[PDB]
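Worksheet: one structure, shown below.
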Amino acid sequence: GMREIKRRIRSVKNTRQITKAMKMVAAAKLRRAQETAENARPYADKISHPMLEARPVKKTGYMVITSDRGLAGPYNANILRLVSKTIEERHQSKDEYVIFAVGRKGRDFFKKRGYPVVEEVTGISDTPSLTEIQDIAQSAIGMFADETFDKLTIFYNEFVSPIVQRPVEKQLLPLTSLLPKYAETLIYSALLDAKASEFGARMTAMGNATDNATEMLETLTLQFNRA
Amino acid sequence: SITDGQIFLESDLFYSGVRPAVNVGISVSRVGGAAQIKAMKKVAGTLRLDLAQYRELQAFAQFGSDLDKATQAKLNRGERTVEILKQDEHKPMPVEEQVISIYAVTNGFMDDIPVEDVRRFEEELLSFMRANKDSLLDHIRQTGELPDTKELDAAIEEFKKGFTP
Amino acid sequence: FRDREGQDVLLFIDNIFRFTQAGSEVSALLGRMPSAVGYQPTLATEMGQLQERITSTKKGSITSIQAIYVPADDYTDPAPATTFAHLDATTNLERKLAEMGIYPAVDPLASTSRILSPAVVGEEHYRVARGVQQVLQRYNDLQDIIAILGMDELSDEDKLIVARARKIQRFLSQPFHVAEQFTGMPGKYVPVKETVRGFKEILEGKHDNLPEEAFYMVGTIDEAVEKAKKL
């Protein structure tokens, strides 16, 4: 009782080292996103369709957003949780939905349990700039634009506080209340919101993480001395 | 305060099966590379630094997330170095073989190779030289500075390509 | 029994520490040095004089199991230090494992032997053991992980090698003949040949499908499948 409960101690120490230094970044990084978000607003604001008018009703397409390279507590395992609960009733058909998996953590989920996935956008980025999803966005529209999509949809990880963020699913292509660049930017709107939320969700799990280490450490330490 | 350096043997390491359980960090030779052939004195020089860096980033053990920065460039290739340091009991390795082996990993020839695969890739790299590239080996046994590099890198790559990772 | 009779005798000394401490009393009585920590000038010598007779001769034999207590709990103390110089393995009875059910309550991680070389027990046994060790060690790391990161974000493989740890931890317990008269299982003697094999299969994943309480208190791995047919 004098050796590899100190390993447990040193290791738990190290973990403590990094979760807090990444807690630093979760807020370093995913607050910047807020800037690179409320900037869209400007152009996000300047505002029978090509067909982006309410029509019915066969093959629908999903676009579920998740972190790739994630360490953000549940906020990634409870949006997959939600596409995999809501499609549970929308699948008595073998149309097989089809998802546009953005982010590698949702990606892998979808290729372990068949879904399947017609697109898997490589490596998110944290900016995320202009040339990044103007593919999957553009081509997720392109599949409504003639015409294998009667409806599009993202699974957005909406950002309330940095302490919370809610699994939300919006609908994109069949609009509501030549120019569908709107759709493309809508996907910005979420892809951008989906970011904050992740690291929003990431520092929250990192503080909790740090703390949990301290605590747990302070448990372990009793064993360091009293046999 | 009497000797000229000390080799420290970490107890932790030894019951992690790591052998020899040497703690290269705090361990030293005050005499230094003065007693060290040119070849080894060279390939080692970098290696001191190599796992010195891997000592710090060690903490980020089973959490490969930092992507591209001081990441799997340092860390991932540090894990590789620590493998060639390991060494079976009663299996002294001739300098020459040590030197190639070190140079192999230290020049990234293991980087495309796995990590559970480093130990064998070394054992089999050497056996390959002893029977083929002895020219290079004996060159180090005679005023051993190793050279003919690039011919060295070529000779390695003609065993490299993995073909069994 | 070693020298005559040529067998492999045991010899248990309960509190060998008391022995070196008897050494100190006698020395004082004889008006010797003593060391600056109270002990005899001849601590080591006397220990060696005892310990050195406990050995494997060519007629072969004596293996001493020595209970070492020392109340102070400082094992850097000269008395324990000296005794340790002679040890070749330590077995660590753990209250935690006892109140957990594992009844040879031996700490798998704390216990050690210098003859756990591949040279002494062969590469396989050695690799299986270093195999079980890492798993059980990993189990502890992950233990602290879920503590501070929840079972959320637990690699399917990591989550996997946690189940094998729980099985190993259990397949490490076994019914004693001596305990028969209470439990009555009855006893089990398990050849290393079969122990090694046993844990090798667990490690290779040859029994993930079995219920984890199926390895608790069995002999060979063969006996564990027998019991995967209950509950």
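Just so we're on the same page: first chain in the structure tokens is A, next is B, and so on; residues restart at 1 for each chain, and ligands are numbered from 1 in the order they show up.
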
Inset, instruction - Write out as a PyMOL selection string each polymer residue whose atoms come within 9 Å of region 40-42 of chain A, counting only C-alpha atoms; drop sequence neighbours fewer than 2 positions from it. - result: chain A and resi 35-38+44-46+185+188-189+192

Excluding residue 5 (chain B) and any residue of its chain fewer than 2 positions from it, enumerate the residues within 7 Å of it, using only C-alpha atoms, and give them as a PDB file with N, CA and C atoms, in the first residue's frame.
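Listed below is the output, result_38.pdb:
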ATOM      1  N   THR B   3      32.052   9.330  -6.401  1.00  0.00           N
ATOM      2  CA  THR B   3      32.063   8.853  -7.783  1.00  0.00           C
ATOM      3  C   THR B   3      31.996   9.988  -8.804  1.00  0.00           C
ATOM      4  N   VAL B  28      23.390  10.391 -14.470  1.00  0.00           N
ATOM      5  CA  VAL B  28      24.443  11.077 -15.229  1.00  0.00           C
ATOM      6  C   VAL B  28      25.836  10.472 -15.193  1.00  0.00           C
ATOM      7  N   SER B  29      26.618  10.888 -16.181  1.00  0.00           N
ATOM      8  CA  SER B  29      28.029  10.574 -16.261  1.00  0.00           C
ATOM      9  C   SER B  29      28.758  11.894 -16.342  1.00  0.00           C
ATOM     10  N   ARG B  30      29.484  12.244 -15.279  1.00  0.00           N
ATOM     11  CA  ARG B  30      30.214  13.511 -15.231  1.00  0.00           C
ATOM     12  C   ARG B  30      31.341  13.493 -16.262  1.00  0.00           C
TER      13      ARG B  30
END

Inset, instruction - Any chance you could list, as a ChimeraX atom specification, the residues in region 38-213 of chain C that come up alpha helix (DSSP H) when DSSP is run on the backbone? - result: /C:43-51,78-84,95-98,118-149,160-171,192-204

Legend entry - Which residue of A:17, A:208, A:221, A:134 approaches chain C most closely, using only C-alpha atoms: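 Between A:17, A:208, A:221, A:134, the residue approaching chain C most closely is A:208.
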
Inset, instruction - Within 12 Å of chain A, which residues of chain B are there when counting only C-alpha atoms? Please give them as JSON, numbers by chain. - result: {"B": [10, 11, 12, 13, 14, 15, 16, 55, 56, 57, 58, 59, 60, 61, 62, 63, 64, 65, 66, 67]}

Same residues, N, CA and C atoms, saved as a PDB file, in the first residue's frame:
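Final output, saved to out28.pdb:
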ATOM      1  N   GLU B  10      15.044   3.667 -10.847  1.00  0.00           N
ATOM      2  CA  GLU B  10      13.710   3.895 -10.323  1.00  0.00           C
ATOM      3  C   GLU B  10      13.033   2.585  -9.956  1.00  0.00           C
ATOM      4  N   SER B  11      12.498   2.511  -8.747  1.00  0.00           N
ATOM      5  CA  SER B  11      11.742   1.342  -8.334  1.00  0.00           C
ATOM      6  C   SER B  11      10.423   1.279  -9.109  1.00  0.00           C
ATOM      7  N   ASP B  12       9.804   2.439  -9.307  1.00  0.00           N
ATOM      8  CA  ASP B  12       8.546   2.516 -10.035  1.00  0.00           C
ATOM      9  C   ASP B  12       8.662   1.850 -11.379  1.00  0.00           C
ATOM     10  N   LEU B  13       9.693   2.236 -12.121  1.00  0.00           N
ATOM     11  CA  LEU B  13       9.949   1.702 -13.449  1.00  0.00           C
ATOM     12  C   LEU B  13      10.057   0.186 -13.442  1.00  0.00           C
ATOM     13  N   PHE B  14      10.823  -0.357 -12.506  1.00  0.00           N
ATOM     14  CA  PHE B  14      11.075  -1.792 -12.476  1.00  0.00           C
ATOM     15  C   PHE B  14       9.840  -2.634 -12.245  1.00  0.00           C
ATOM     16  N   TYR B  15       8.849  -2.086 -11.556  1.00  0.00           N
ATOM     17  CA  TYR B  15       7.628  -2.841 -11.348  1.00  0.00           C
ATOM     18  C   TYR B  15       6.581  -2.407 -12.368  1.00  0.00           C
ATOM     19  N   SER B  16       7.031  -1.616 -13.334  1.00  0.00           N
ATOM     20  CA  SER B  16       6.274  -1.366 -14.546  1.00  0.00           C
ATOM     21  C   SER B  16       6.886  -2.221 -15.647  1.00  0.00           C
ATOM     22  N   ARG B  55       9.386  13.860 -21.422  1.00  0.00           N
ATOM     23  CA  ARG B  55       9.180  13.787 -19.978  1.00  0.00           C
ATOM     24  C   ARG B  55       8.036  14.699 -19.530  1.00  0.00           C
ATOM     25  N   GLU B  56       8.025  15.916 -20.065  1.00  0.00           N
ATOM     26  CA  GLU B  56       7.016  16.911 -19.741  1.00  0.00           C
ATOM     27  C   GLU B  56       5.662  16.496 -20.288  1.00  0.00           C
ATOM     28  N   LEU B  57       5.610  16.309 -21.603  1.00  0.00           N
ATOM     29  CA  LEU B  57       4.370  15.950 -22.286  1.00  0.00           C
ATOM     30  C   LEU B  57       3.907  14.543 -21.906  1.00  0.00           C
ATOM     31  N   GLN B  58       4.748  13.823 -21.177  1.00  0.00           N
ATOM     32  CA  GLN B  58       4.377  12.519 -20.651  1.00  0.00           C
ATOM     33  C   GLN B  58       3.005  12.591 -19.971  1.00  0.00           C
ATOM     34  N   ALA B  59       2.797  13.653 -19.191  1.00  0.00           N
ATOM     35  CA  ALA B  59       1.587  13.838 -18.390  1.00  0.00           C
ATOM     36  C   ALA B  59       0.298  13.653 -19.191  1.00  0.00           C
ATOM     37  N   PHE B  60       0.332  14.056 -20.456  1.00  0.00           N
ATOM     38  CA  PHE B  60      -0.827  13.963 -21.341  1.00  0.00           C
ATOM     39  C   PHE B  60      -0.908  12.549 -21.909  1.00  0.00           C
ATOM     40  N   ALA B  61      -0.741  11.574 -21.019  1.00  0.00           N
ATOM     41  CA  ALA B  61      -0.586  10.165 -21.382  1.00  0.00           C
ATOM     42  C   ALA B  61      -1.587   9.658 -22.419  1.00  0.00           C
ATOM     43  N   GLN B  62      -2.741   9.195 -21.951  1.00  0.00           N
ATOM     44  CA  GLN B  62      -3.737   8.607 -22.839  1.00  0.00           C
ATOM     45  C   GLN B  62      -4.761   9.659 -23.250  1.00  0.00           C
ATOM     46  N   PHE B  63      -4.266  10.787 -23.747  1.00  0.00           N
ATOM     47  CA  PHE B  63      -5.121  11.880 -24.191  1.00  0.00           C
ATOM     48  C   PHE B  63      -4.512  12.589 -25.397  1.00  0.00           C
ATOM     49  N   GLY B  64      -4.429  11.890 -26.524  1.00  0.00           N
ATOM     50  CA  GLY B  64      -3.860  12.459 -27.736  1.00  0.00           C
ATOM     51  C   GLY B  64      -4.814  13.400 -28.446  1.00  0.00           C
ATOM     52  N   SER B  65      -4.773  14.674 -28.064  1.00  0.00           N
ATOM     53  CA  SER B  65      -5.737  15.649 -28.565  1.00  0.00           C
ATOM     54  C   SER B  65      -5.111  16.895 -29.188  1.00  0.00           C
ATOM     55  N   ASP B  66      -3.889  17.236 -28.786  1.00  0.00           N
ATOM     56  CA  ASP B  66      -3.296  18.515 -29.182  1.00  0.00           C
ATOM     57  C   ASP B  66      -3.010  18.633 -30.682  1.00  0.00           C
ATOM     58  N   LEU B  67      -3.264  17.557 -31.416  1.00  0.00           N
ATOM     59  CA  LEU B  67      -3.255  17.594 -32.876  1.00  0.00           C
ATOM     60  C   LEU B  67      -1.868  17.719 -33.511  1.00  0.00           C
TER      61      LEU B  67
END

Inset, instruction - Specify as a ChimeraX atom specification all residues of chain C found within 10 Å of chain A, counting only C-alpha atoms. - result: /C:73,92-94,107,109-111,137-138,140-153

For the selection you just gave me, I'd like the residues written to a file as a JSON list (two decimals), in the first residue's frame, keeping N, CA, C and O atoms.
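Dumped to selection_15.json:
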[["chain", "number", "residue", "atom", "x", "y", "z"],
["C", 73, "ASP", "N", 5.63, 1.19, 11.57],
["C", 73, "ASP", "CA", 5.25, 1.39, 10.17],
["C", 73, "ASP", "C", 6.27, 2.12, 9.30],
["C", 73, "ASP", "O", 6.01, 2.38, 8.12],
["C", 92, "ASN", "N", 1.28, -9.50, -0.10],
["C", 92, "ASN", "CA", 0.64, -8.43, 0.62],
["C", 92, "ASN", "C", -0.84, -8.68, 0.83],
["C", 92, "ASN", "O", -1.64, -8.51, -0.07],
["C", 93, "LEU", "N", -1.19, -9.12, 2.04],
["C", 93, "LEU", "CA", -2.58, -9.32, 2.41],
["C", 93, "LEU", "C", -3.26, -7.95, 2.54],
["C", 93, "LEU", "O", -2.80, -7.09, 3.29],
["C", 94, "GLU", "N", -4.34, -7.76, 1.79],
["C", 94, "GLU", "CA", -5.03, -6.47, 1.71],
["C", 94, "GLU", "C", -6.42, -6.50, 2.30],
["C", 94, "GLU", "O", -7.29, -7.17, 1.77],
["C", 107, "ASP", "N", -2.82, -8.59, -2.63],
["C", 107, "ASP", "CA", -2.75, -7.49, -3.58],
["C", 107, "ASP", "C", -1.89, -7.87, -4.80],
["C", 107, "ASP", "O", -0.66, -7.98, -4.70],
["C", 109, "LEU", "N", -1.08, -6.23, -7.36],
["C", 109, "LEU", "CA", -0.17, -5.18, -7.79],
["C", 109, "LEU", "C", 0.94, -4.94, -6.77],
["C", 109, "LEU", "O", 2.09, -4.69, -7.14],
["C", 110, "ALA", "N", 0.61, -5.04, -5.48],
["C", 110, "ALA", "CA", 1.59, -4.78, -4.44],
["C", 110, "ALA", "C", 2.56, -5.93, -4.28],
["C", 110, "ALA", "O", 3.76, -5.72, -4.04],
["C", 111, "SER", "N", 2.06, -7.14, -4.40],
["C", 111, "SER", "CA", 2.93, -8.29, -4.25],
["C", 111, "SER", "C", 3.93, -8.39, -5.42],
["C", 111, "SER", "O", 3.62, -7.99, -6.54],
["C", 137, "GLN", "N", -3.54, -2.53, -13.64],
["C", 137, "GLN", "CA", -3.04, -1.19, -13.46],
["C", 137, "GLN", "C", -3.92, -0.23, -14.24],
["C", 137, "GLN", "O", -4.41, 0.74, -13.71],
["C", 138, "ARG", "N", -4.10, -0.53, -15.51],
["C", 138, "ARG", "CA", -5.02, 0.24, -16.36],
["C", 138, "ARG", "C", -6.38, 0.39, -15.70],
["C", 138, "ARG", "O", -7.01, 1.44, -15.76],
["C", 140, "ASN", "N", -7.06, 0.67, -12.67],
["C", 140, "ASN", "CA", -6.97, 1.73, -11.69],
["C", 140, "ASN", "C", -6.94, 3.10, -12.32],
["C", 140, "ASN", "O", -7.51, 4.04, -11.77],
["C", 141, "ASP", "N", -6.25, 3.23, -13.45],
["C", 141, "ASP", "CA", -6.16, 4.51, -14.14],
["C", 141, "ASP", "C", -7.56, 4.91, -14.55],
["C", 141, "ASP", "O", -8.04, 5.98, -14.18],
["C", 142, "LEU", "N", -8.21, 4.04, -15.30],
["C", 142, "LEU", "CA", -9.59, 4.26, -15.72],
["C", 142, "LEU", "C", -10.50, 4.50, -14.51],
["C", 142, "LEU", "O", -11.44, 5.27, -14.58],
["C", 143, "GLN", "N", -10.19, 3.83, -13.41],
["C", 143, "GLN", "CA", -10.93, 4.03, -12.17],
["C", 143, "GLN", "C", -10.98, 5.51, -11.82],
["C", 143, "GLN", "O", -12.03, 6.06, -11.51],
["C", 144, "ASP", "N", -9.81, 6.15, -11.89],
["C", 144, "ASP", "CA", -9.68, 7.55, -11.56],
["C", 144, "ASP", "C", -10.26, 8.41, -12.68],
["C", 144, "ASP", "O", -10.70, 9.53, -12.47],
["C", 145, "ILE", "N", -10.25, 7.87, -13.89],
["C", 145, "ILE", "CA", -10.78, 8.59, -15.04],
["C", 145, "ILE", "C", -12.27, 8.81, -14.87],
["C", 145, "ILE", "O", -12.74, 9.95, -14.87],
["C", 146, "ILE", "N", -13.02, 7.73, -14.72],
["C", 146, "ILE", "CA", -14.47, 7.85, -14.56],
["C", 146, "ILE", "C", -14.76, 8.66, -13.30],
["C", 146, "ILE", "O", -15.81, 9.27, -13.18],
["C", 147, "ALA", "N", -13.82, 8.67, -12.36],
["C", 147, "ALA", "CA", -14.00, 9.46, -11.17],
["C", 147, "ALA", "C", -14.09, 10.93, -11.53],
["C", 147, "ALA", "O", -14.89, 11.67, -10.97],
["C", 148, "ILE", "N", -13.27, 11.35, -12.49],
["C", 148, "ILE", "CA", -13.10, 12.77, -12.78],
["C", 148, "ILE", "C", -13.52, 13.15, -14.20],
["C", 148, "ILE", "O", -13.37, 14.30, -14.62],
["C", 149, "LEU", "N", -14.05, 12.18, -14.94],
["C", 149, "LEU", "CA", -14.50, 12.41, -16.31],
["C", 149, "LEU", "C", -15.73, 11.57, -16.61],
["C", 149, "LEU", "O", -16.21, 11.55, -17.73],
["C", 150, "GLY", "N", -16.24, 10.88, -15.59],
["C", 150, "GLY", "CA", -17.40, 10.02, -15.74],
["C", 150, "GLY", "C", -17.12, 8.87, -16.70],
["C", 150, "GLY", "O", -16.09, 8.86, -17.35],
["C", 151, "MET", "N", -18.04, 7.91, -16.78],
["C", 151, "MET", "CA", -17.89, 6.83, -17.75],
["C", 151, "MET", "C", -18.19, 7.39, -19.14],
["C", 151, "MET", "O", -18.01, 6.71, -20.14],
["C", 152, "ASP", "N", -18.65, 8.63, -19.17],
["C", 152, "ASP", "CA", -18.73, 9.41, -20.41],
["C", 152, "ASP", "C", -17.34, 9.49, -21.02],
["C", 152, "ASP", "O", -16.36, 9.74, -20.32],
["C", 153, "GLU", "N", -17.25, 9.28, -22.33],
["C", 153, "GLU", "CA", -15.97, 9.35, -23.01],
["C", 153, "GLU", "C", -15.03, 8.23, -22.54],
["C", 153, "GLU", "O", -13.88, 8.48, -22.17]]

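Any residue of chain C with an atom within 9 Å of chain B counts; using only C-alpha atoms, that gives residues 109, 112, 117, 119, 130, 133 and 134 of chain C.
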
Could you save the residues just selected, with C-alpha atoms, as a short mmCIF file (atom, residue, chain, number, x, y, z; two decimals), in the first residue's frame?
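Written output follows (selection39.cif):
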data_model
loop_
_atom_site.label_atom_id
_atom_site.label_comp_id
_atom_site.auth_asym_id
_atom_site.auth_seq_id
_atom_site.Cartn_x
_atom_site.Cartn_y
_atom_site.Cartn_z
CA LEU C 109 -0.17 -5.18 -7.79
CA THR C 112 6.16 -8.95 -6.14
CA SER C 117 11.79 -13.20 -14.83
CA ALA C 119 14.29 -16.62 -17.25
CA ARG C 130 2.95 -8.65 -17.06
CA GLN C 133 -0.52 -6.55 -14.26
CA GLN C 134 -0.98 -3.90 -16.91
#

Inset, instruction - Write out as a PyMOL selection string each polymer residue whose atoms come within 9 Å of residue 26 (chain B), counting only C-alpha atoms; drop sequence neighbours fewer than 3 positions from it. - result: chain B and resi 6-8+23

Legend entry - residue 24 (chain C) surroundings by only C-alpha atoms, 10 Å radius, close-in-sequence under 2 positions cut, as a list in words: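 Near residue 24 (chain C), the qualifying residues are residues 18, 19, 20, 21, 22, 26, 27, 28, 29, 30, 32, 34, 35, 38, 39, 40, 41, 42, 43 and 79 of chain C.
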
Save the residues we just selected, N, CA and C atoms, as a short mmCIF file (atom, residue, chain, number, x, y, z; two decimals), in the first residue's frame?
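Output below, filename selection06.cif:
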data_model
loop_
_atom_site.label_atom_id
_atom_site.label_comp_id
_atom_site.auth_asym_id
_atom_site.auth_seq_id
_atom_site.Cartn_x
_atom_site.Cartn_y
_atom_site.Cartn_z
N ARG C 18 10.55 -9.08 15.37
CA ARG C 18 10.74 -9.34 16.78
C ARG C 18 12.09 -10.01 17.00
N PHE C 19 12.56 -10.74 16.00
CA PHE C 19 13.80 -11.46 16.15
C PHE C 19 14.97 -10.47 16.21
N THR C 20 14.96 -9.47 15.34
CA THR C 20 16.13 -8.61 15.28
C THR C 20 16.07 -7.74 16.50
N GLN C 21 14.86 -7.54 17.00
CA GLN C 21 14.65 -6.71 18.19
C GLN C 21 15.06 -7.45 19.47
N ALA C 22 14.92 -8.76 19.48
CA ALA C 22 15.50 -9.57 20.55
C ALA C 22 17.00 -9.41 20.47
N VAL C 26 19.48 -8.30 23.76
CA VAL C 26 20.64 -9.08 24.20
C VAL C 26 21.92 -8.27 24.07
N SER C 27 22.06 -7.54 22.98
CA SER C 27 23.29 -6.80 22.75
C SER C 27 23.46 -5.78 23.86
N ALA C 28 22.39 -5.07 24.18
CA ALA C 28 22.43 -4.06 25.23
C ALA C 28 22.85 -4.73 26.51
N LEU C 29 22.20 -5.84 26.85
CA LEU C 29 22.55 -6.64 28.02
C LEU C 29 24.02 -7.01 28.06
N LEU C 30 24.62 -7.30 26.91
CA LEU C 30 26.05 -7.57 26.82
C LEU C 30 26.89 -6.31 26.76
N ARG C 32 27.03 -3.68 24.42
CA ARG C 32 27.63 -3.42 23.13
C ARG C 32 27.41 -1.97 22.63
N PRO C 34 25.69 0.80 20.92
CA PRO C 34 24.96 0.22 19.80
C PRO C 34 24.81 1.24 18.69
N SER C 35 24.12 0.89 17.60
CA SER C 35 23.87 1.85 16.53
C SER C 35 23.18 3.09 17.09
N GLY C 38 19.60 2.66 18.09
CA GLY C 38 19.32 1.75 19.18
C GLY C 38 19.76 0.32 18.95
N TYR C 39 19.83 -0.09 17.69
CA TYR C 39 20.04 -1.49 17.35
C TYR C 39 21.44 -2.01 17.65
N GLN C 40 21.60 -3.32 17.59
CA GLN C 40 22.90 -3.93 17.80
C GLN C 40 23.92 -3.45 16.79
N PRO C 41 25.19 -3.48 17.17
CA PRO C 41 26.23 -3.32 16.16
C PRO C 41 26.13 -4.45 15.12
N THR C 42 25.57 -5.58 15.53
CA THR C 42 25.59 -6.78 14.70
C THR C 42 24.21 -7.16 14.11
N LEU C 43 23.32 -6.17 14.02
CA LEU C 43 22.04 -6.37 13.36
C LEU C 43 22.19 -7.25 12.12
N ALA C 79 15.94 -2.24 11.21
CA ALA C 79 15.44 -3.59 11.41
C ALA C 79 14.72 -4.18 10.17
#

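Proximity to residue 171 (chain A) was assessed for A:222, A:27, A:124, A:64 counting only C-alpha atoms; the smallest distance is recorded for A:64.
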
Inset, instruction - Tell me which of C:103, C:171, C:84, C:126 sits closest to residue 198 (chain C), counting only C-alpha atoms. - result: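 Residue with the minimum atom-to-atom distance to residue 198 (chain C): C:171.
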
Legend entry - region 15-97 of chain C: residues DSSP assigns to strand (DSSP E), reported as a PyMOL selection string: chain C and resi 65-66+89-90

Export of the given selection (N, CA, C and O atoms) as a tab-separated table (two decimals), in the first residue's frame:
chain	number	residue	atom	x	y	z
C	65	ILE	N	8.62	-18.25	4.74
C	65	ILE	CA	7.61	-17.20	4.71
C	65	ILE	C	7.70	-16.47	6.02
C	65	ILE	O	7.47	-17.06	7.08
C	66	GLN	N	8.06	-15.20	5.96
C	66	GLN	CA	8.35	-14.42	7.14
C	66	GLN	C	7.36	-13.30	7.28
C	66	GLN	O	7.25	-12.44	6.44
C	89	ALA	N	10.52	-12.09	-2.55
C	89	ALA	CA	9.14	-11.90	-2.96
C	89	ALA	C	8.41	-11.40	-1.75
C	89	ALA	O	8.78	-11.73	-0.62
C	90	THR	N	7.39	-10.58	-1.97
C	90	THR	CA	6.53	-10.17	-0.88
C	90	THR	C	5.10	-10.45	-1.24
C	90	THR	O	4.67	-10.23	-2.36

Legend entry - Non-local contacts of region 76-81 of chain B (6 Å; only C-alpha atoms; under 4 positions in same chain excluded) as number ranges by chain: B: 51, 54, 72, 115

Under the rule of at most 12 Å, produce a per-residue listing of region 118-156 of chain C near region 183-192 of chain C: chain, number, name, the closest pair of atoms, and the distance in Å, as a tab-separated table, using only C-alpha atoms.
residue	atom	partner	partner_atom	distance
C:121	CA	C:192	CA	9.3
C:122	CA	C:192	CA	11.3
C:124	CA	C:192	CA	11.1
C:125	CA	C:192	CA	8.2
C:126	CA	C:192	CA	11.3
C:128	CA	C:192	CA	11.2
C:129	CA	C:192	CA	11.1

Legend entry - For residue 104 (chain C): contacts at 12 Å, only C-alpha atoms, fewer than 6 positions along chain excluded, given as a list in words: residues 91, 92, 93, 94, 95, 96, 97, 98, 169, 170, 171, 172, 173, 174, 175, 176, 177, 178, 179, 188, 216 and 217 of chain C

For the selection just defined, write its residues with C-alpha atoms to a file, as an mmCIF file, in the first residue's frame.
data_model
loop_
_atom_site.group_PDB
_atom_site.id
_atom_site.type_symbol
_atom_site.label_atom_id
_atom_site.label_comp_id
_atom_site.auth_asym_id
_atom_site.auth_seq_id
_atom_site.Cartn_x
_atom_site.Cartn_y
_atom_site.Cartn_z
ATOM 1 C CA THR C 91 2.954 -11.210 -0.417
ATOM 2 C CA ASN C 92 0.638 -8.430 0.621
ATOM 3 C CA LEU C 93 -2.580 -9.317 2.410
ATOM 4 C CA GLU C 94 -5.031 -6.470 1.712
ATOM 5 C CA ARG C 95 -7.948 -5.621 4.010
ATOM 6 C CA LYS C 96 -9.615 -3.970 1.012
ATOM 7 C CA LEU C 97 -9.675 -7.194 -1.045
ATOM 8 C CA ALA C 98 -10.813 -9.171 1.984
ATOM 9 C CA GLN C 169 -9.575 -9.709 -10.201
ATOM 10 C CA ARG C 170 -12.081 -12.476 -9.503
ATOM 11 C CA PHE C 171 -10.257 -15.324 -11.189
ATOM 12 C CA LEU C 172 -7.457 -14.474 -8.760
ATOM 13 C CA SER C 173 -9.462 -15.694 -5.798
ATOM 14 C CA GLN C 174 -9.733 -19.396 -5.144
ATOM 15 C CA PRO C 175 -11.197 -21.833 -2.583
ATOM 16 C CA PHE C 176 -8.707 -23.152 -0.024
ATOM 17 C CA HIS C 177 -8.554 -26.699 1.243
ATOM 18 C CA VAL C 178 -7.988 -25.225 4.690
ATOM 19 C CA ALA C 179 -11.220 -23.244 4.366
ATOM 20 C CA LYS C 188 -8.494 -26.067 -5.190
ATOM 21 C CA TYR C 216 -15.051 -15.877 -8.363
ATOM 22 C CA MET C 217 -13.834 -18.839 -6.322
#

Inset, instruction - Give me the residues within 9 Å of residue 147 (chain B) as a PyMOL selection string, counting only C-alpha atoms and dropping any in the same chain fewer than 4 places off. - result: chain B and resi 39+136+139-140+151-152
